[PDB]
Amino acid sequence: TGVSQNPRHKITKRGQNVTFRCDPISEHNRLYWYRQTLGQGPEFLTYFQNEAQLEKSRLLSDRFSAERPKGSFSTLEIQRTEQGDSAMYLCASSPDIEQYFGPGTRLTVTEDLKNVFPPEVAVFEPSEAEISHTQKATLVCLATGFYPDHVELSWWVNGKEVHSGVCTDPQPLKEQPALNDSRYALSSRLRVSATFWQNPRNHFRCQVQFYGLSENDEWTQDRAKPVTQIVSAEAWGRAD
């Protein structure tokens, strides 16, 4: 339960249309759309009461189009997408004035679907010097060369996901900061005791869920179509 939004991610070539959908909490007469970019607050777009769209902001330009036909779900259409439309599109519903937000739709508008790339993933094994110095072992995952910057990195030890001893970078950093469609990189650490790492039956996977092209996206290259996909890399423990 809660407010739901779909899709969770959208890549679009600039100049194309795109439509997002919100499914609010059923009891709420009020629906809101907001746009948000990193380091900034949610910027107000429009506001529905039942089916009536009662308020629009100047950020809801002509190319923007929101409707809530049955005073229920809502759709937001951006026509002829620009790079400056890249943002997270948030939906919220209210019984009065408190706002409850959905998980968002992350939109990336790229010049050309050809600049979409899946991550490459590599796992780096604990240093022998750390093992001797601290009796602990830090694995490092690197995810590199992905665009756009919507990935989800997780660690899996013996087939199960672990959270303890994990640190992942809060944001992926740009590989070509002076390029508008720069590929990205992400790193994560996983720290276990030295003895857990020296066990050769322990299996360590770094998994990166990447959100890429849709099945109905036009692919015109010979390198594999960078669809939504998991890339992962692995390492087994070693007894000194």
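In case it trips you up, residue 1 is the first one in the sequence shown, and so on.
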Stretch exceeding the other in mean C-alpha B-factor - 34 to 42, 193 to 201: 193 to 201
Stretch with the higher entry mean CA B-factor, where the candidates are 44 to 52 and 175 to 183: 175 to 183
Chain-wide C-alpha B factor ranking for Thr108, given as lowest, middle or highest third: middle
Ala143 - Cα temperature factor, lowest/middle/highest third of chain: lowest
CA B-factor ranking of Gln207, expressed as a third of its chain: lowest
Assigned third (lowest, middle, highest) for the C-alpha B factor of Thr220: highest
For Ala239, the third of its chain into which the C-alpha B factor falls: highest
